[PDB]
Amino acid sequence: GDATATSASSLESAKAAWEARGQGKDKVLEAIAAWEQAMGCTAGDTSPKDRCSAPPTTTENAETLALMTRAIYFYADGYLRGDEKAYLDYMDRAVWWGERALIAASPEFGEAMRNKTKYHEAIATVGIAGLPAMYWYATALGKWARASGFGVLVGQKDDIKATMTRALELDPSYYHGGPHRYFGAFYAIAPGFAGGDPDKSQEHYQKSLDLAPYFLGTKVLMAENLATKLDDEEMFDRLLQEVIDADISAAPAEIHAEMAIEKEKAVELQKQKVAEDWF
């Protein structure tokens, strides 16, 4: 019927626009709106929870929901860094859809949370089908919490760690050495008294580069939260310049848009250092 075929076409429209995300924020926002349409949402500019009744968290939708989580994160991380309110709004949207991506991909997880099993323990049971969900949920949750402040961040630390621990168990190479890149940031951002460890950070960051030397986002995160922490101006400067100098064809085609964002982030950090007299 009209809506089951309008959801099949909007899924097609969503995927098409997400593949064209290198064109700019518009295509990203077009992808999100089509997915949300296919997920039964009324259209609009407010939080999903105000427009999306009973999103279908079924196995056949799990891939879509984890991709929606990544895409809303991509929008905020790429385009809202200058706008704290919007950035916080949209990272929380990605968290919201990420919770539904986890439920859809993992019946055991959905069952566990209904028997009052706490996330910390439930997340450890998610199978390979849920790795995209749990990785992009943790990415959105971490960046949302970080922007909110220390109280929110430390409140989420143990659930984040359990999530990334499970992702690393399932596949340390997922999304270009993602679980290792994530832990590099985790151990650099956390203060020592909250579990921070520069040795574990560098170890994880290096393992990520060994698995995916082309992933420029690893070096951006190193410069941003480690080189600053280590008060190593030379390394901060070097990492960012290596990012900016990297050739486009060094990374796989399917993440060219992400790498372009990371080069923009490096230029932005270069100008922040000058402006705020870092180092």
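We number the residues from 1 along the sequence you see.
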Query - Entry-level comparison of average CA B-factors, 154-162 and 178-186, reporting the higher stretch - result: 154-162
Report summary line: Comparing 28-36 with 50-58, the higher average Cα temperature factor in the PDB entry belongs to 50-58
**Report entry** Top Cα B factor in the deposited entry, candidates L168, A138, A194, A94
**Finding:** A194
Report summary line: For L131, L209, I72, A122, the deposited C-alpha B-factor is largest at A122
**Report entry** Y87 CA temperature factor, ranked by third within the chain
**Finding:** middle
Query raised in the report: Split the chain's modelled residues into thirds by Cα B-factor; is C41 in the lowest, middle or highest one?
Result: highest
Query raised in the report: By its CA B factor, does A105 count among the lowest, middle or highest third of the modelled residues in the chain?
Result: middle
Query - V126 - Cα temperature factor, lowest/middle/highest third of chain - result: highest
Query - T117 by Cα B-factor - lowest, middle or highest third of the modelled chain - result: highest
